[PDB]
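**Q** Quick one: the structure is below, questions incoming.
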Amino acid sequence: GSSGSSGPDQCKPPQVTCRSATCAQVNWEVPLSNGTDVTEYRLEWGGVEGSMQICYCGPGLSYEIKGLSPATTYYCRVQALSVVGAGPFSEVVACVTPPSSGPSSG
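For the sequence shown, the residue numbers in this note's numbering are 1088 to 1193.
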């Protein structure tokens, strides 16, 4: 702090891919971190931005979400945890699932 910066750089927002009315895949990556390396990744996903919690935790980079609802807005935020301290979160990526009006294939 007083002398010498610590912690990785901001984390970029993941990529959401509405797999289905009740399905959504996410994907993130590691920022330009040379000094300290990332230990794990805490991804949060909840109905609305106001409501969000830890959904998946691990060194993984790709995660698929299921059991969602159609025509419903959702948000996700990924943060990088280091050995010196947890870094900031990424730009909340908003996404809305497609309406399930009728049958479905799968």
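Every residue gets a Cβ at the ideal spot worked out from N, C-alpha and C, and that includes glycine.
1. Do you know offhand how far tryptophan 1132's Cα is from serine 1093's?
2. What whole-angstrom Cβ distance do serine 1177 and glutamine 1097 have, given they're in contact under 8 Å?
3. So what does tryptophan 1132 bridge to, in DSSP terms?
4. Going along the chain, which residues of its own chain have a beta-carbon closer than 6 Å to the beta-carbon of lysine 1153, five neighbours each way excluded?
5. Once the 5 residues before and after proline 1100 are set aside, which same chain residues still bring their CB inside 7 Å of it?
**A** Let me spell this out:
1. If you number the sequence shown from 1, residue 1132 lands on position 45. If you number the sequence shown from 1, residue 1093 lands on position 6. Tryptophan 1132 and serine 1093 have their C-alpha atoms roughly 27 Å apart.
2. Indexing the sequence shown from 1 puts residue 1177 at position 90. Indexing the sequence shown from 1 puts residue 1097 at position 10. Taking 8 Å as the upper bound for CB-CB distance, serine 1177 and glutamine 1097 are in contact here, some 7 Å apart.
3. Mapped onto the sequence shown, residue 1132 falls at position 45. Looking at the DSSP output, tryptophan 1132 shares a beta bridge with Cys1163.
4. On the sequence shown, residue 1153 is found 66 positions in, with the first residue counted as 1. Exclusion of the five residues before and after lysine 1153 leaves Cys1110 as the residues of its chain whose Cβ lies within less than 6 Å of its Cβ.
5. As a working note, residue 1100 is residue 13 in the sequence shown. Closer than 7 Å at Cβ, skipping near neighbours: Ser1177, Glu1178 and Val1180.
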